[PDB]
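One structure is given below, encoded as structure tokens.
Every residue, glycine as well, gets a Cβ built from its backbone with ideal geometry; the counts of neighbours run over all protein chains shown. Bear in mind these aren't lab numbers, they're just calculated from the coordinates by the rules spelled out.
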Amino acid sequence: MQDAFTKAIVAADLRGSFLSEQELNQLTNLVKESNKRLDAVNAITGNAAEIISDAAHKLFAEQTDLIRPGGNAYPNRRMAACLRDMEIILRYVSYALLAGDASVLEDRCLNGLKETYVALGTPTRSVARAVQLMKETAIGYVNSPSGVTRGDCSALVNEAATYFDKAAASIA
Amino acid sequence: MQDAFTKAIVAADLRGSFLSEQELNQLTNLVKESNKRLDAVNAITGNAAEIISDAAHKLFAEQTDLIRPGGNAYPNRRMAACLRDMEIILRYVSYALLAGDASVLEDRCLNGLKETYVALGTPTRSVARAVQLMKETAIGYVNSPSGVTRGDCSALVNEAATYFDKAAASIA
Amino acid sequence: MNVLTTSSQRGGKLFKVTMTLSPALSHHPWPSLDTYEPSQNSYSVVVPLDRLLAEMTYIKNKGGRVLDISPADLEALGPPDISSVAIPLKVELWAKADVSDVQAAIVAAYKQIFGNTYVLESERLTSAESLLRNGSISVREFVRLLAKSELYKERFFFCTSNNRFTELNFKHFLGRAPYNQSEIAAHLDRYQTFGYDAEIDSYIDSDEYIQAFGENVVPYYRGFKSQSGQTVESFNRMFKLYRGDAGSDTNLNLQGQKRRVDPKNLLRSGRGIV
Amino acid sequence: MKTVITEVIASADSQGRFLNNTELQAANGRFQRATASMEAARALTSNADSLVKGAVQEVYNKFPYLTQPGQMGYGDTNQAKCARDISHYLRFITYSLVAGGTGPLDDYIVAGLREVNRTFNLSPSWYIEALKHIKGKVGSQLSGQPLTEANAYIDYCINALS
Amino acid sequence: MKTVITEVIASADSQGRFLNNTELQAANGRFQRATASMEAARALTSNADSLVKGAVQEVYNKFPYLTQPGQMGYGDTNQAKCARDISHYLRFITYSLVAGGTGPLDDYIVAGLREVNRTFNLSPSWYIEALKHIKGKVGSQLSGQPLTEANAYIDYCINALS
Amino acid sequence: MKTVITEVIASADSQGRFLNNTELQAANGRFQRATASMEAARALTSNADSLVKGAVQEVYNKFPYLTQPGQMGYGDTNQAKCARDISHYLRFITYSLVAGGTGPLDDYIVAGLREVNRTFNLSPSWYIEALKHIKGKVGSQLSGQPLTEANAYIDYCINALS
Amino acid sequence: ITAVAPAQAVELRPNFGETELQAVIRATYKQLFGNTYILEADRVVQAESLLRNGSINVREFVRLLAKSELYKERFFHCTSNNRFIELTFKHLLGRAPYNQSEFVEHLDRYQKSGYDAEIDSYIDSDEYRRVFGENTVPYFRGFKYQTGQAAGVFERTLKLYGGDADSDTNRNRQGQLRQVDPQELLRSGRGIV
Ligand SMILES: CCC1=C(C)/C(=C/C2=NC(=C\c3[nH]c(/C=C4\NC(=O)[C@H](C)[C@H]4CC)c(C)c3CCC(=O)O)/C(CCC(=O)O)=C2C)NC1=O
Ligand SMILES: CCC1=C(C)/C(=C/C2=NC(=C\c3[nH]c(/C=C4\NC(=O)[C@H](C)[C@H]4CC)c(C)c3CCC(=O)O)/C(CCC(=O)O)=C2C)NC1=O
Ligand SMILES: CCC1=C(C)/C(=C/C2=NC(=C\c3[nH]c(/C=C4\NC(=O)[C@H](C)[C@H]4CC)c(C)c3CCC(=O)O)/C(CCC(=O)O)=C2C)NC1=O
Ligand SMILES: CCC1=C(C)/C(=C/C2=NC(=C\c3[nH]c(/C=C4\NC(=O)[C@H](C)[C@H]4CC)c(C)c3CCC(=O)O)/C(CCC(=O)O)=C2C)NC1=O
Ligand SMILES: CCC1=C(C)/C(=C/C2=NC(=C\c3[nH]c(/C=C4\NC(=O)[C@H](C)[C@H]4CC)c(C)c3CCC(=O)O)/C(CCC(=O)O)=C2C)NC1=O
Ligand SMILES: CCC1=C(C)/C(=C/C2=NC(=C\c3[nH]c(/C=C4\NC(=O)[C@H](C)[C@H]4CC)c(C)c3CCC(=O)O)/C(CCC(=O)O)=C2C)NC1=O
Ligand SMILES: CCC1=C(C)/C(=C/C2=NC(=C\c3[nH]c(/C=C4\NC(=O)[C@H](C)[C@H]4CC)c(C)c3CCC(=O)O)/C(CCC(=O)O)=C2C)NC1=O
Ligand SMILES: CCC1=C(C)/C(=C/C2=NC(=C\c3[nH]c(/C=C4\NC(=O)[C@H](C)[C@H]4CC)c(C)c3CCC(=O)O)/C(CCC(=O)O)=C2C)NC1=O
Ligand SMILES: CCC1=C(C)/C(=C/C2=NC(=C\c3[nH]c(/C=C4\NC(=O)[C@H](C)[C@H]4CC)c(C)c3CCC(=O)O)/C(CCC(=O)O)=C2C)NC1=O
Ligand SMILES: CCC1=C(C)/C(=C/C2=NC(=C\c3[nH]c(/C=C4\NC(=O)[C@H](C)[C@H]4CC)c(C)c3CCC(=O)O)/C(CCC(=O)O)=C2C)NC1=O
Ligand SMILES: CCC1=C(C)/C(=C/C2=NC(=C\c3[nH]c(/C=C4\NC(=O)[C@H](C)[C@H]4CC)c(C)c3CCC(=O)O)/C(CCC(=O)O)=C2C)NC1=O
Ligand SMILES: CCC1=C(C)/C(=C/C2=NC(=C\c3[nH]c(/C=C4\NC(=O)[C@H](C)[C@H]4CC)c(C)c3CCC(=O)O)/C(CCC(=O)O)=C2C)NC1=O
Ligand SMILES: CCC1=C(C)/C(=C/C2=NC(=C\c3[nH]c(/C=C4\NC(=O)[C@H](C)[C@H]4CC)c(C)c3CCC(=O)O)/C(CCC(=O)O)=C2C)NC1=O
């Protein structure tokens, strides 16, 4: 598994080199913003259930076919599987966010996922949408939390978004 | 598994109580001395091989019967087992030292150990001695290391000793 | 064990493996004789890199045969995107060509006929292109000229079996996969008694070819769309045949020019005689 | 019992390995963090009495019907066992604060929670609402990293109950 | 690759669990400790080569028969491959410093070490002595927690070779 | 303890099976071979004294520096423990000769070898050189199939140490 | 009574129903954790989801459960390393250990390669593969003479199997101890392995 430092190290090694002063300071900056990062990961963990629930309510509000017989979130067994997948993806997105690298998300979650869903008959476009809704709400929480020091978290909100967007793209 | 805090918590709970101001400050002191504790655990880790080796050289210097045929550290297979056990015990002593509690040592290492050795015909008094030698050298290292800030580590040296002494007592 | 998710746990490179097992690995717990499930005749399992050497050794011993090893992450990105080629862009050469109208045709015939392999500039058929430019020959005529060339003979024929050649031929010349086992056989017997050249002519003078391409249209993909007298399973063969925009026919593969359409698969569409 | 210390030791042991710089760095986090944690702990400890009575009442104010006869917020014994239960939660929150991890919560409240609540007809909604209220008031007893810690664990209980 | 961040994530994942206050406290340790680590890294980075030539020579001075003909410290190629190898070690030490764990050392030097050294007739003693020397000189390039870090990883290599 | 006899019995037992012609043919090999083996054994047995002193010295002649002060070929105790160790090897070689397999070598010298040698700073190179020398001299004590047997086992030890 | 073990393994007969899958999941938890209650919150929902999707076999599901932190807390952190090895033989292989050599090899592997490599060593064993395969849940075997056994395994597996109401439960005041004697373990073999 990689994190943002480990990634630097692998690229340096492929040159046969000690880390460039370029790469050093990029990593010094990651340490600089790490308290914000911890709050951002904490924002997701602290509202995981609601993020999934709210995404869910809204997914089925839009796509009332999934909860009809014939639909891929019917009966209870399938809805529980769908709720479970929403949690799994939100979980690996939070891991990537602590790590500063998408690899755990791509390697443990996204790799093969689309082909799984197609084999199952699970409508990937609906799954992509559920991921887009989790993103909206998750970032909502990253931006408006309990008595965190005021500052600018937009860099981290972007990065979190790209992890949500990776997952969506990979699946649709 | 317990650490020194977890131990406090279990005793508090058995009263049905929030931690006593007594117990709170005992734990505040453990946090106070924690940098020293980290150096002490680091002293052992950083010299593990030599601690085992030096204990070993000296054990067989004293007890030349173990390395004769008929002896419990003969042939190579048995010596490797004996060297391995020295490492295992030094390892759980270092864990206890990071934790501030003996439980991991007693539960994962010392529990049943004497009866194992007796079943095997392994002379427990010799094993106890090997543990006493590891203690001497380990503490040596805890007390005289590379450019650590000067201060008093005797409290921690005692506590490390009791973990070595627990193991010895339990085994002999 | 089948089609996978993820790659690694601590970290790995997962490889998925495929074998053919004896009742030595897997058997039912029944009263007699040891048998594995008939549908797990060739079974596949995904193993992280360390357990991999140990697994292959075990499988080979207790009797199995490894059929493949391929990284899991290669195999997770699906099947090709086919949007560029579901419905292509047709290129056709007009009566009085414009000087670069004709430039368009040559680049495309190359790409399509040679199956997207690079044709380097030393390599191009210049005298033949001269002919098309002056109108002495037409686009279909030119298309036949490339096929009988050494460059075509060399990257696609000389180094692979006849099964493969014919399967490539259908893809290049006709744009569609090969529908039947009979098609393969009918062709192999022709090559054997009339030679390579007669056999090449047989796709370019065919009725199927003539309808769709006529004579001034560069052969273009057409097997991702329903056609006539096409078995239904020839639309899955097309995925096996074309591997994406960046894929190509390539004879430079480490393993060499090989198949792509399983012989077993062809028989599913019907077996007769001759 | 899950703490940063027990976790790194568990991970070392399971690979048959001495603690190394990775594991000691981790431990330093837990020790550096103790001050904020333990401030939250002391504030939650001395306000316990009122935090509990505040949350108990809020369960009845949000679910008015509970306090009518024939219901589970009626009579001395139900209302007594309620205060006790919220008190259990606050107690384990302080323990988790002091311990440097969720262990006390995981072992004494989370493991088994749903089975128990389901057999005894206890709705999680009450408990979430008790905790939401406790979270509101703890906004003005603490601030900075002690508040973040208090929040971390209160929210952890709310997610355990959803 | 073992870092505080990867370790806590691994532990969460393996229990199917979101990161909680235990795991985020741990991460803060790694981030709080980056400054000392990265100062050690910069000092070790700029004062580099000579460490290799110093240690290479010391292997021959301590094992004189080494630099004699017919021996493995003789001729340009042996002496070249030696400098390179110590340079590999220092390189991975800096990586381990920057990464927040032993991962780079574990994955690129420790995994397989003995098999390789045994097939190629390379004695660990040389490498330990190279590292003991590097440890002596790093005593005056750094101090405080940067020195402790440098030491942690140098010693880690010496234990890997014993 | 691995011998032809124990191996075939192990293989029968593990298939729940009486010994059959396959297994008895195997045993005949071991019995037919005993004469050459046991001649090697008797020659190695009576020359033991000098084979050991010859190999011990050769370790010092090939690694001259070992015999200087501060080194591991210096003083009565090192040089005593060396003779003993080569004597252990020759002893187990004779046992393996007599036993009809590598068992005695596998169980008493090979299992654990590297761990022990690594903890005690014993270089395999010495031991290989002791054995290479013993192999040189055994060229003129034996010939034919007794020499081949002696060689088989000496070489087996040298491969165990590489 | 150990009426119940003669055994009859349960499995994923290609084309399993959700009821048969839930019976397999309940059987794997009863085997790996004994008669100990597991809260629904403590279940490895990720590993159950992978088995529901057919993406893992019953062997790999047993591997994920034995590597879970719940198994470490109950059996590894609460017992001695020798008692842990006895219980891992009980849970994964359905037998007692054959000789004092198996303990030394497993103790040495655990010390060299850690917890996860020690769990993999039982599951990748040719004994696990030969007798459970990929699709059979682990089950108690020590009541049948098995090929290449040691008669003392029957008595030791009886000592390890206190019956269908017993708990390898880690709370029994004393807590996690040992149950097969070292002296009695030594009869059957003892070697300078
Ligand atoms: C237990 C693990 C752990 C956490 C969670 C942690 C958080 C943490 N967040 C901090 C700051 C902060 N955190 C934020 C975060 C935000 N600002 C906003 O306006 C957004 C709504 C939000 C975006 C994510 C900001 C702006 C600061 C102050 C600037 C800084 O220190 O970087 C600080 C510095 C002290 C302070 O200023 O309060 C800490 C210690 N430390 C830890 O050890
Ligand atoms: C990577 C994990 C980690 C370690 C190892 C660590 C060590 C560490 N040891 C420290 C102090 C110290 N460490 C010692 C230790 C000793 N004094 C002696 O004379 C004895 C030989 C030895 C006994 C163990 C002393 C006396 C101090 C200064 C007093 C104190 O800060 O408590 C300090 C405070 C800064 C300083 O004064 O240098 C740190 C950060 N911090 C960490 O994050
Ligand atoms: C799900 C239930 C199920 C079925 C149906 C099944 C079929 C099956 N038949 C097999 C072999 C076999 N099947 C046959 C059958 C025949 N040979 C002939 O010539 C006849 C035409 C025919 C008998 C009518 C033979 C001879 C083999 C052994 C092939 C070999 O190993 O060479 C094997 C390979 C494993 C083994 O040999 O045990 C499977 C899996 N396995 C199953 O688990
Ligand atoms: C069978 C072998 C063969 C021959 C011999 C051949 C001749 C030939 N020369 C052509 C054109 C041409 N040939 C020339 C040659 C010349 N221009 C001058 O002023 C000079 C007097 C002379 C050079 C010495 C030019 C300029 C054109 C292009 C005419 C145009 O497109 O306007 C064309 C029209 C097609 C094309 O442009 O490629 C043909 C077919 N083609 C063949 O396949
Ligand atoms: C690259 C050079 C090349 C080879 C080697 C080749 C082999 C080959 N042999 C084939 C058929 C065949 N091959 C045989 C051969 C035999 N039948 C027997 O019973 C005997 C054991 C054996 C003769 C010794 C038969 C009978 C068929 C027809 C099978 C059928 O259609 O049922 C086919 C299917 C196409 C066709 O029938 O024309 C190919 C591709 N094709 C090639 O292009
Ligand atoms: C051998 C004779 C033959 C068959 C049977 C055949 C089936 C066939 N149906 C196709 C598409 C299709 N088939 C349907 C059919 C349906 N959509 C629905 O929702 C209904 C349930 C169902 C109508 C009852 C649709 C909608 C597509 C287009 C799928 C797409 O492009 O998204 C395609 C892809 C190529 C194309 O779109 O032309 C094939 C090959 N092709 C053949 O050559
Ligand atoms: C859809 C657009 C498209 C792409 C992207 C494409 C890639 C592509 N690159 C190829 C070969 C190649 N690609 C390279 C590239 C490289 N060699 C190196 O060492 C470097 C690392 C790298 C250059 C940066 C080489 C050397 C070959 C020839 C391999 C061979 O034949 O041995 C081939 C095989 C066919 C051929 O050789 O023409 C394809 C299909 N083809 C396409 O149609
Ligand atoms: C160590 C941690 C721990 C927790 C958290 C815990 C919860 C818990 N609550 C219980 C009962 C109860 N819990 C309540 C709760 C409430 N009643 C109200 O007025 C409110 C609606 C609500 C408070 C918000 C009630 C009324 C009962 C009695 C249920 C019964 O026996 O009918 C019981 C059943 C045993 C008993 O009757 O005491 C348990 C185990 N037990 C524990 O050991
Ligand atoms: C990525 C981390 C990494 C390490 C650590 C590494 C060590 C390493 N050292 C090697 C050789 C070598 N290593 C040395 C070492 C020395 N010679 C001397 O003068 C001194 C005594 C000593 C330095 C202290 C020598 C002489 C060789 C050549 C061995 C041979 O091929 O005969 C080789 C064999 C391949 C080769 O010949 O380069 C490896 C793999 N390789 C790696 O990839
Ligand atoms: C049953 C089979 C068996 C073998 C093979 C064996 C080897 C062996 N050699 C040892 C020590 C030793 N081995 C030597 C070897 C040598 N010193 C020299 O002068 C030469 C360089 C070299 C001989 C070639 C030395 C010097 C020691 C003492 C190491 C120490 O304790 O510092 C020890 C450590 C216990 C002890 O000090 O006796 C073992 C176990 N032990 C066994 O039980
Ligand atoms: C064969 C069918 C079967 C039975 C009957 C069975 C009993 C059984 N009860 C156990 C624990 C338990 N049983 C209880 C039961 C009670 N506590 C009380 O105070 C009450 C008096 C009583 C409820 C009426 C408790 C509290 C434990 C947990 C003990 C502990 O871990 O501290 C355990 C230890 C394993 C575990 O905790 O899951 C077993 C094996 N297991 C089985 O497989
Ligand atoms: C590594 C962490 C991890 C992930 C991410 C994961 C995904 C995953 N989702 C699955 C099923 C599923 N996933 C869904 C999800 C959805 N259905 C919809 O219509 C929506 C678009 C979407 C919810 C937003 C459904 C309905 C199934 C069941 C498909 C079926 O069995 O028919 C399965 C098959 C196994 C099972 O059903 O338990 C896997 C492995 N598994 C994992 O272990
Ligand atoms: C929980 C952590 C843990 C410990 C502590 C442990 C001890 C332990 N030591 C053992 C053997 C051994 N232990 C020794 C140790 C010694 N011999 C001596 O003469 C000296 C006095 C002493 C070294 C100081 C020896 C020689 C054996 C092998 C006995 C034999 O097989 O004959 C065995 C038998 C299994 C095996 O040989 O691998 C265990 C279980 N196992 C564990 O898993």
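General remarks:
- Residue within the range C:104-117 that is in a loop (DSSP other than H, G, I, E, B), within 16 Å of ligand 4 (Cβ to nearest atom) and over 30 Å from G:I123 (Cβ atoms) present: no
- Entirely in the range E:1-67, the helices (runs of 4 or more DSSP H) that have 2 or more residues that are touching a helix residue (DSSP H, G or I) at 6+ places or on another chain (Cβ under 8 Å), away from chain D (no Cβ under 14 Å) and surrounded by fewer than 24 Cβ atoms within 10 Å (Cβ to Cβ): E:34-46, E:49-62
- Residues that are away from ligand 1 (no atom under 16 Å from the Cβ), farther than 16 Å from C:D249 by Cα, out of contact with any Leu (no Cβ under 7 Å at 6 or more places or on another chain) and in contact (Cβ under 8 Å) with a residue 24 or more places away in the chain are absent from the range C:153-163 altogether.
- Of B:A43, B:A55, all but one fail to be within 19 Å of D:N20 (Cα to Cα) and more than 9 Å from every other protein chain (Cβ to nearest Cβ); the exception is B:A43.
- Restricted to the range D:91-162, the set of helices (runs of 4 or more DSSP H) holding at least 2 residues that are at the interface with another protein chain (Cβ under 7 Å from one of its Cβ atoms) and of a type in the set (S, T, Y) comprises D:145-160.
- Residue selected from the range B:115-126 under the condition away from ligand 10 (no atom under 16 Å from the Cβ) and more than 9 Å from chain G (Cβ to nearest Cβ), by the criterion surrounded by the fewest Cβ atoms within 10 Å (Cβ to Cβ): B:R125
- Flag for C:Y203 being outside any loop (DSSP other than H, G, I, E, B), surrounded by 19 or more Cβ atoms within 10 Å (Cβ to Cβ) and away from ligand 1 (no atom under 16 Å from the Cβ): yes
- When we screen B:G147, B:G71 for residues that are more than 19 Å from the chain's Cα centre (by Cα) and more than 7 Å from every other protein chain (Cβ to nearest Cβ), the only hit is B:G71.
- Test: residue in the range G:107-126 that is buried (at least 21 other Cβ atoms within 10 Å of the Cβ) and more than 14 Å from chain D (Cβ to nearest Cβ): no
- With respect to the conditions (1) basic (K, R); (2) within 28 Å of C:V217 (Cβ to Cβ); (3) within 14 Å of chain A (Cβ to nearest Cβ), C:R10 lacks only one, and its number is (2).
- Number of the exception - G:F76 against (1) in contact (Cβ under 8 Å) with a residue 24 or more places away in the chain; (2) more than 12 Å from every other protein chain (Cβ to nearest Cβ): (2)
- Test result for A:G46, on the phi > 0 side of the Ramachandran plot and more than 16 Å from ligand 9 (Cβ to nearest atom): no
- Scanning the range D:68-82 for residues being assigned to a helix (DSSP H, G or I) and crowded, with 18+ Cβ neighbours inside 10 Å gives a total of 2.
- Restricting attention to the range A:44-66, the residues being surrounded by fewer than 17 Cβ atoms within 10 Å (Cβ to Cβ) and not in a helix (DSSP H, G or I) number 2.
- When the range A:14-23 is filtered for residues that are surrounded by 14 or more Cβ atoms within 10 Å (Cβ to Cβ) and more than 7 Å from every other protein chain (Cβ to nearest Cβ), the ones remaining, listed by number, are A:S20, A:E23.
- If you go through the range D:124-144 and keep only what is surrounded by fewer than 15 Cβ atoms within 10 Å (Cβ to Cβ) and either out of contact with any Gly (no Cβ under 8 Å at 6 or more places or on another chain) or over 16 Å from D:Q57 (Cα atoms) (or both), you end up with D:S125, D:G136, D:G139, D:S140, D:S143, D:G144.
- Residue within the range D:91-113 that is touching a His at 6+ places or on another chain (Cβ under 9 Å) and buried (at least 16 other Cβ atoms within 10 Å of the Cβ) present: yes
- Within the range G:151-193, the set of residues being in a loop (DSSP other than H, G, I, E, B) and under 30 Å from C:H28 (Cα atoms) comprises G:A151, G:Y161, G:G163, G:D164.
- Note on the range G:1-26: residues that are aliphatic (A, V, I, L, M), free of Cβ contacts under 8 Å to residues at least 40 places away in the same chain and either in a loop (DSSP other than H, G, I, E, B) or out of contact with any helix residue (DSSP H, G or I) (no Cβ under 8 Å at 6 or more places or on another chain) (or both) total 2.
- Selected residue [surrounded by 15 or more Cβ atoms within 10 Å (Cβ to Cβ) and away from ligand 10 (no atom under 16 Å from the Cβ)] from C:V107, C:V143, C:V99, C:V66: C:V143
- When we screen G:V44, G:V10 for residues that are aliphatic (A, V, I, L, M), within 14 Å of chain E (Cβ to nearest Cβ), more than 16 Å from ligand 4 (Cβ to nearest atom) and touching a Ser or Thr at 6+ places or on another chain (Cβ under 9 Å), the only hit is G:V44.
- From B:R68, B:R108, residue being of a type outside the set (G, A, S) and under 30 Å from D:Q25 (Cβ atoms): B:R108
- Filter result (closer than 25 Å to A:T45 by Cβ and in contact (Cβ under 8 Å) with a residue 60 or more places away in the chain) within the range A:58-91: A:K58, A:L59, A:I89
- If you go through the range A:146-156 and pick out every residue that is assigned to a helix (DSSP H, G or I) and surrounded by 18 or more Cβ atoms within 10 Å (Cβ to Cβ), you end up with 1.
Condition check ((1) out of contact with any helix residue (DSSP H, G or I) (no Cβ under 7 Å at 6 or more places or on another chain); (2) crowded, with 18+ Cβ neighbours inside 10 Å) across all residues:
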| position | (1), (2) |
| --- | --- |
| C:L4 | yes, yes |
| C:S7 | no, yes |
| C:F15 | no, yes |
| C:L33 | yes, no |
| C:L49 | yes, no |
| C:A54 | yes, no |
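- Apart from one condition, A:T6 fits all of (1) among the β-branched types (V, I, T); (2) surrounded by fewer than 19 Cβ atoms within 10 Å (Cβ to Cβ); (3) in contact (Cβ under 8 Å) with a residue 60 or more places away in the chain; the exception is (2).
- Residue within the range C:4-22 that is out of contact with any strand residue (DSSP E or B) (no Cβ under 8 Å at 6 or more places or on another chain) and within 16 Å of ligand 3 (Cβ to nearest atom) present: yes
- If you go through the range G:167-182 and pick out every residue that is facing chain B (nearest Cβ under 9 Å) and not acidic (D, E), you end up with 5.
- Residue satisfying all of: in the range C:229-258; among the hydroxyl-bearing types (S, T, Y) and touching a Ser or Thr at 6+ places or on another chain (Cβ under 9 Å); farthest from ligand 13 (Cβ to nearest atom) among these: C:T231
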